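Step one of this worksheet: look at the structure below.
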Amino acid sequence: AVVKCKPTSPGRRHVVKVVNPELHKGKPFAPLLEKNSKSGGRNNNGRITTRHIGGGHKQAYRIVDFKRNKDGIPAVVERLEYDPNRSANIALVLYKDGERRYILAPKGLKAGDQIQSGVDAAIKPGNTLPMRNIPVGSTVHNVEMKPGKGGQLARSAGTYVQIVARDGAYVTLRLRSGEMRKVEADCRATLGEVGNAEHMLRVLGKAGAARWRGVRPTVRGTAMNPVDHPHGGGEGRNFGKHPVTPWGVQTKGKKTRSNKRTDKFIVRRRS
Amino acid sequence: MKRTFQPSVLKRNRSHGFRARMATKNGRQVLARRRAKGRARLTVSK
RNA sequence: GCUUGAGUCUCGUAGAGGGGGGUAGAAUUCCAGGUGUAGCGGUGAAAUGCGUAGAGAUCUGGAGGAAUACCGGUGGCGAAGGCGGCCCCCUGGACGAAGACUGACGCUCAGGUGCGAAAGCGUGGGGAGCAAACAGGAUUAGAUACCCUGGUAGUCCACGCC
RNA sequence: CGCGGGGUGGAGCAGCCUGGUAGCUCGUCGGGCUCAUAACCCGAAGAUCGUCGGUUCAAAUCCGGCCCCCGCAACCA
RNA sequence: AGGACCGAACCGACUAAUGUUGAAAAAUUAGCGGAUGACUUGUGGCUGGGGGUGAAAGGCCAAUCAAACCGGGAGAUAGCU
RNA sequence: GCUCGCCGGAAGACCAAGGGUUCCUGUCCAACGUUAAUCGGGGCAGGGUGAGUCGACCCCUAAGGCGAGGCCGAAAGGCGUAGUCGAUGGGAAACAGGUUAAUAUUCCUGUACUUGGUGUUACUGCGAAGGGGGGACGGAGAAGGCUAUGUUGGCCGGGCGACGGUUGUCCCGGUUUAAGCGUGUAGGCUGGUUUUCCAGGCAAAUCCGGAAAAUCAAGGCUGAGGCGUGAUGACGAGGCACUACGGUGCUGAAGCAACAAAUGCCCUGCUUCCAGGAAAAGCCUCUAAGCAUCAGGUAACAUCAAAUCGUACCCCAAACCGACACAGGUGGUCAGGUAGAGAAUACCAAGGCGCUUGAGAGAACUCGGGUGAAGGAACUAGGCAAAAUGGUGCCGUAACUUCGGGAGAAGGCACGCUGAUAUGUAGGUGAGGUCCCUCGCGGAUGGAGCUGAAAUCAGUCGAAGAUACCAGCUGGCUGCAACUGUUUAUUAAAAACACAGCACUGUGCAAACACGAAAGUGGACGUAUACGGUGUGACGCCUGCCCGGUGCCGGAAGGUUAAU
RNA sequence: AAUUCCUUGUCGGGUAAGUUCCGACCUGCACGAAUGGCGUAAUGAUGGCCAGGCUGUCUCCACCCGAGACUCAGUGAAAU
RNA sequence: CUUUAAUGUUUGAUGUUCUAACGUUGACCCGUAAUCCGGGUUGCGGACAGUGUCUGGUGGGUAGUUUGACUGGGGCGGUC
């Protein structure tokens with residue numbers, strides 16, 4: 001688990017690694033593995049669109065299974081792979097039919113565990129069944145907005161949605177942000193919260209940790225000149241403006257909600 | 001110090017090459033002008 | 001060597017003993033909604049507060065968190081701190097009966113080690129009620145307080161200090 | 001020096017920008033209350049407006065001069 | 001083990017002298033900092049002018065950048081030399 | 001020609017990029033060359049670049065471009081599907097020797113090898129843009145085996161010596177050999193073989209995956225290097241012969257062993273860390289459509305073919321880029337001896353070279369250096385510059401602390417040469433012999449030879465033994481920033497910027513936000529333990545009052561309120 | 001004080017002598033809590049200050065070796 | 001007229017329900033060896049959403065511009 005690192009050089013002093021010995025130390029199962037190229041925060045025009053991100057160490061895209069379309073089929077878990085692309089660790093499932101598929105690993109999962117999908121399967125963590133059959137109040141993850149979509153909500157490590165109430169095809173959800181939102185009963189959801197909850201206790205440490213994490217340094221508005229950002233100028237770090245994003249949109253308390261069409265699903269909003 | 005011109009025939013033709021000029025109408029119009037002017041080297045090639 | 005100290009075994013007895021997991025009901029608060037109209041709340045007395053944007057009262061529904069009424073006791077258990085809904089699981093100690101057995105194995109204990117209310121501190125959660133700090137209102141010669149209307153850490157949970 | 005703001009019962013503030021007879025709180029004095037003092041209750045007094053001259057019938061007020069207090073400016077090579 | 005230590009290639013460019021119609025339109029000589037990394041480099045691609053890119057100096061964009069160069073408007077306009 | 005000096009991890013030897021004949025040979029000195037110039041990277045003429053195996057082309061693809069249809073756009077056009085381009089990566093094959101005024105892994109002499117085509121013969125189910133395997137990948141570290149290569153001895157040939165000695169433990173030189181073919185070793189990985197079954201790999205599949213059993217426990221793959229052969233060959237010190245007298249022809253000795261040892265190779269291995277680390281085709285295999293007399297495939301043998309372009313020369317520079325024959329700039333490969341830890345440095349080998357003006361003189365002054373009485377920062381804005389310290393082993397080492405540091409703290413000491421311990425030791429290496437073996441590139445025993453530190457002691461020299469080059473100045477108080485980093489190329493390297501961490505705030509996914517008047521991309525093939533923005537800037541102790549101004553968020557009763 | 005005008009504030013320390021430096025006092029012209037406050041080990045081609053060593057930096061320069069200057073020969077510029 | 005009942009009707013608002021316009025960066029199939037695009041079969045929303053014309057607000061994100069003169073130099077001050 002959490003292992004604070006002995007000081008030896010500066011930038012090592014504050015590091016807290018998260019060791020998970022249980023995770024497989026060998027290479028990934030090859031068939032499921034496509035390349036993932038670095039956008040560097042640039043689009044089709046080539047212009048940068050999002051600042052901060054670029055560079056970083058190379059990584060490949062594991063094709064994780066989301067739809068969980070195989071139903072009624074026993075699936076023995078084999079090993080917990082590390083996935084560089086996400087936060088959560090991904091279990092390498094092996095179905096009775098012989099096919100292997102990666103899946104986000106629920107908290108209580110160990111190698112050799114039996115798990116199954118479909119409308120029947122069971123209440124054991126990691127089984128994916130349509131929410132209509134899930135008991136009221138229980139905790140789930142990898143929820144789908146629409147059937148067959150694959151999964152949307154509660155994918156980040158340690159995250160979990162909590163069902164609250166059911167009415168018609170609709171089913172209320174308490175999202176991790178605390179926002180209530182209805183969804184169709186037919187949607188599938190996986191029982192149990194997602195694993196690697198200690199991800200947030202990682203404290204990277206030296207500056208370089210962020211660099212190869214794929215994030216480039218950020219320059220603050222005040223440092224820049226008037227022409228490069230709404231803030232700037234001054235002979236002595238003067239500020240005197242209301243904080244704004246580089247493109248002039250007000251920040252620090254400005255609502256940005258716009259879709260309107262999706263409002264019927266939302267009930268409470270985050271506070 | 002290191003100077004501003006560091007030749008690479010490959011890079012030279014990819015950009016100012018004949019077929020790179022045939023790319024868009026802007027390029028072809030260049031050739032239209034250079035012929036009109038009666039210039040010997042139409043574009044860089046050799 | 002002995003069994004009269006100490007301990008073990010045999011079947012029982014009571015217990016808010018401890019840890020872990022579930023679960024119930026009443027109430028407070030909040031939110032949506034229905035009826036409904038001018039005060040409510042509070043005080044020694046007031047005001048600050050809330051309320052004609054429809055409050056409080058009242059009725060249905062929901063959501064939360066906390067603590068567990070009555071039983072409850074100059075009752076109980078634990079070495080002490082302490083321990084109160086119901087239930088499951090793991091588990092400690094005491095007490096009795098009838099014996100059987102071991103055969104002084106005992107007593108105290110510097111340094112040592114462990115546990116140790118409440119507050120406090122760390123990391124991450126949660127956050128109803130209450131409530132340091134703080135704000136306002138009074139009361140007073142003044143009042144940095146007692147009293148009143150609000151209110152943050154905190155109180156709660158997991159682990160780690162103290 | 002350039003300008004602006006003021007000077008008022010014993011103290012602090014009004015009043016003044018619209019020239020017709022200066023108010024508030026505290027302090028003071030006196031009489032009650034108390035064994036006595038404080039606090040509290042009752043009453044009364046005290047300045048006739050920085051200052052020297054104008055103005056107008058009349059100046060706390062408007063104007064100018066002077067004496068203090070307060071703030072701003074007092075720079076460029 | 002390490003954005004660890006000393007220090008060459010390598011990269012940087014802190015101090016001083018020379019040089020300032022230079023050997024050179026920013027270098028030399030002696031010392032100087034980094035030197036397994038947020039390193040450095042080859043090749044090839046991508047981003048464009050009120051635009052790019054910027055560990056942010058209004059730096060850099062072909063010896064020029066508080067708005068590139070080239071051609072056109074254009075013999076702009078100049079109460080000024 | 002002789003001598004002298006300089007580089008020698010280059011100022012040498014090969015390349016790439018880029019140049020485009022500058023290479024070589026004859027001839028000329030008009031100009032060019034910073035002078036002269038018989039010379040030349042100058043002029044003029046002639047000559048010179050040989051490939052199935054090197055490279056390109058070619059097969060395949062990354063990022064990225066173009067893009068039939070298509071979606072989108074006043075038009076030009078933008079985006080992008082199928083496809084198709086695109087190496088800086090992946091894909092079949094050769095070496096040694098000799099040779100030219102100039103070319104060579106291209107010519108010649110040897111000895112090879114690969115991919116096809118076609119035919120013959122013997123056997124046979126072939127066949128895909130489809131399936132699967134493979135190809136196919138990180139960093140760091142550590143050790144063992146090896147080889148290049150060098151050293152020493154041995155062997156062979158030569159020498160015995162200008163001024164003392166020098167036939168001796170003496171001096172000098174040489175002692176080289178490839179690819180391929182065979183052998184399969186160190187060493188690494190991996191449990192095999194058979195039968196049966198299948199919700200899978202978009203269809204099928206004897207392949208792959210998965211599940212059962214049975215059965216044996218070894219089998220297989222991988223592989224440097226060695227050892228044979230290749231090679232009774234070539235090369236070879238030197239002699240023998242003439243010499244356009246520059247050199248060419250003719251002959252040929254030995255050609256081993258041990259030791260040391262790479263950064264190269266085994267090794268894209270092993271161990272380990274997280275930051276978790278290219279695709280695709282060649283290649284192997286599985287069948288479908290399809291075709292079964294075929295066609296086609298497999299093996300063997302023979303025969304033909306293997307096109308086209310580059311190949312000179314320079315290539316850390318006088319030929320590239322800097323207007324120049326310019327103290328600048330530029331990537332890759334090889335990397336000998338002695339000392340040394342070393343690719344530093346000093347002196348040398350290979351190999352180039354003395355920098356295209358010189359010759360005198362020996363003033364001031366300027367540059368670059370050396371040295372200095374006595375004093376020792378009095379200099380000056382300021383110890384700026386100089387000076388000094390400087391290596392290894394050992395001793396010893398404070399305040400403070402985040403308990404790692406601080407710390408090479410500070411401050412000291414020893415250090416050469418000869419001999420003895422030991423007629424060179426501790427170690428390392430490992431022969432001969434002998435023994436064992438389901439016998440070979442085997443294992444034990446055994447110690448020959450070789451190499452070889454470090455220490456103690458004894459003596460001895462000089463003023464000085466880390467003698468040179470090389471090679472920390474140290475300490476105390478204090479500001480600022482936590483730290484490593486980054487920045488104004490060409491006057492500023494900082495106290496600025498970044499930074500991990502912190503907080504606020506936005507965002508429920510067709511997300512916010514950005515680029516594009518649009519389709520559409522990024523965000524992200526991510527999903528509130530995520531992502532955007534703003535501010536502060538590790539860590540410790542903390543973060544107090546004000547919602548009046550301004551901004552944002554929330555509330556809608558009432559007032560005001562546009563087009564219609 | 002990287003803020004302090006009056007100012008070389010005042011006192012103390014260090015120097016024969018200190019407008020700087022260190023430590024204190026508080027009248028903070030005009031510090032102050034994330035445009036962060038206050039401490040802080042280590043780090044620094046960072047700012048200030050004091051020691052020891054070291055010396056031509058200096059008192060005061062002296063001498064020496066090299067490259068220029070200078071003379072002869074060849075070639076032969078420039079700003080103005 | 002007054003105070004107001006219901007039917008019909010003009011349209012007006014609010015709410016509920018439906019789906020056939022429209023959306024679908026849901027699923028599946030076909031062109032098709034193609035996560036583009038089109039077509040279809042669905043399911044999901046649904047007269048909202050989104051787009052056009054008009055219109056109020058906001059709008060240094062962007063652009064064009066103005067910001068006097070005298071003056072014992074000019075700015076400040078004063079003055080026209």
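How things are named: the first chain in the structure tokens is A, the next is B, and so on; residues count from 1 in each chain; ligands count from 1 in the order shown.
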Would you return as number ranges by chain the members of range 5-209 of chain A that DSSP assigns to strand (DSSP E or B) on this structure's backbone? A: 16-18, 34-35, 42, 48, 53, 60-61, 64, 74-81, 90-95, 100-104, 106, 114-117, 128-130, 139-141, 143, 153, 161-167, 170-174, 180-184, 188-191, 194
Can those selected residues be exported to a file as a short mmCIF file (atom, residue, chain, number, x, y, z; two decimals), in the first residue's frame so that it contains C-alpha atoms?
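Once written, again36.cif looks like this:
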```
data_model
loop_
_atom_site.label_atom_id
_atom_site.label_comp_id
_atom_site.auth_asym_id
_atom_site.auth_seq_id
_atom_site.Cartn_x
_atom_site.Cartn_y
_atom_site.Cartn_z
CA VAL A 16 5.04 8.59 -1.18
CA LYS A 17 4.92 5.65 -3.57
CA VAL A 18 1.85 3.42 -3.72
CA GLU A 34 -3.27 -1.08 -29.74
CA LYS A 35 -0.94 1.91 -29.93
CA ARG A 42 -3.22 19.73 -30.55
CA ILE A 48 -2.66 23.89 -29.49
CA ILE A 53 -0.46 18.81 -21.57
CA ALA A 60 -0.08 1.74 -25.17
CA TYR A 61 -3.89 1.54 -25.10
CA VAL A 64 -10.84 -2.61 -21.85
CA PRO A 74 -18.78 -17.90 -15.97
CA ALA A 75 -15.59 -15.85 -15.98
CA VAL A 76 -12.55 -16.74 -13.86
CA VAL A 77 -10.21 -13.84 -13.04
CA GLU A 78 -6.52 -14.41 -13.76
CA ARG A 79 -4.30 -11.44 -12.80
CA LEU A 80 -4.47 -7.71 -12.00
CA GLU A 81 -2.64 -5.81 -14.73
CA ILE A 90 -7.58 -3.76 -14.80
CA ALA A 91 -8.29 -7.44 -14.21
CA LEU A 92 -7.58 -9.90 -17.03
CA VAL A 93 -10.71 -12.00 -17.14
CA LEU A 94 -10.80 -15.46 -18.77
CA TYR A 95 -14.19 -16.75 -19.85
CA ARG A 100 -9.85 -13.03 -22.48
CA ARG A 101 -10.96 -9.47 -21.85
CA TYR A 102 -9.70 -6.70 -19.61
CA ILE A 103 -12.13 -5.08 -17.13
CA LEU A 104 -11.91 -2.40 -14.42
CA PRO A 106 -13.62 -3.85 -8.24
CA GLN A 114 -15.56 -16.38 -10.26
CA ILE A 115 -17.60 -13.55 -11.82
CA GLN A 116 -20.41 -13.44 -14.36
CA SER A 117 -22.56 -11.04 -16.34
CA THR A 128 -22.59 -6.52 -14.33
CA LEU A 129 -26.33 -6.64 -14.50
CA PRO A 130 -29.11 -4.26 -15.67
CA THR A 139 -23.29 0.56 -4.62
CA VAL A 140 -22.28 0.12 -8.28
CA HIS A 141 -19.82 1.48 -10.83
CA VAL A 143 -22.76 2.77 -15.07
CA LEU A 153 -19.99 7.00 -14.69
CA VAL A 161 -22.31 5.57 -7.75
CA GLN A 162 -25.07 4.86 -5.24
CA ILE A 163 -28.56 3.99 -6.49
CA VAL A 164 -31.23 5.90 -4.52
CA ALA A 165 -34.70 5.26 -5.91
CA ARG A 166 -36.53 3.65 -8.79
CA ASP A 167 -39.61 4.86 -10.70
CA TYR A 170 -35.95 5.67 -14.67
CA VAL A 171 -33.60 5.06 -11.72
CA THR A 172 -32.08 7.82 -9.61
CA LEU A 173 -28.32 7.87 -9.06
CA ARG A 174 -26.22 9.66 -6.48
CA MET A 180 -28.52 13.41 -8.47
CA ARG A 181 -29.26 12.14 -11.96
CA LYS A 182 -31.92 9.85 -13.38
CA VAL A 183 -31.01 7.11 -15.89
CA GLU A 184 -32.77 4.30 -17.75
CA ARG A 188 -26.12 -2.15 -17.02
CA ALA A 189 -24.03 -1.49 -13.96
CA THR A 190 -21.24 -3.35 -12.19
CA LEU A 191 -21.54 -4.01 -8.47
CA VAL A 194 -13.68 0.48 -8.17
#
```
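Residue-level contact on chain F: within 8 Å of chain B, counting only C-alpha atoms (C1' of nucleotides), the set is residues 17, 18, 321, 322, 328 and 329 of chain F.
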Please determine, counting only C-alpha atoms (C1' of nucleotides), which residue among E:53, E:81, E:47, E:64 has the shortest atom-to-atom distance to chain A. E:47
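With only C-alpha atoms (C1' of nucleotides) taken into account, chain A has residues 2, 164, 165, 174, 180, 197, 198, 199, 200, 201, 202, 203, 267 and 268 of chain A at most 12 Å from chain C.
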Write the selection just made, keeping C-alpha atoms, as a short mmCIF file (atom, residue, chain, number, x, y, z; two decimals), in the first residue's frame?
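Below is the file selection.cif, written as the result:
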```
data_model
loop_
_atom_site.label_atom_id
_atom_site.label_comp_id
_atom_site.auth_asym_id
_atom_site.auth_seq_id
_atom_site.Cartn_x
_atom_site.Cartn_y
_atom_site.Cartn_z
CA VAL A 2 1.26 3.48 0.96
CA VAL A 164 -31.23 5.90 -4.52
CA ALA A 165 -34.70 5.26 -5.91
CA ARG A 174 -26.22 9.66 -6.48
CA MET A 180 -28.52 13.41 -8.47
CA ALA A 197 -8.70 3.79 -3.69
CA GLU A 198 -5.29 4.87 -2.43
CA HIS A 199 -4.49 6.44 -5.82
CA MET A 200 -5.13 9.90 -4.35
CA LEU A 201 -2.74 9.31 -1.47
CA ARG A 202 0.09 9.29 -4.04
CA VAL A 203 1.94 12.58 -3.50
CA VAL A 267 -32.46 16.49 -10.35
CA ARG A 268 -30.28 17.93 -7.59
#
```
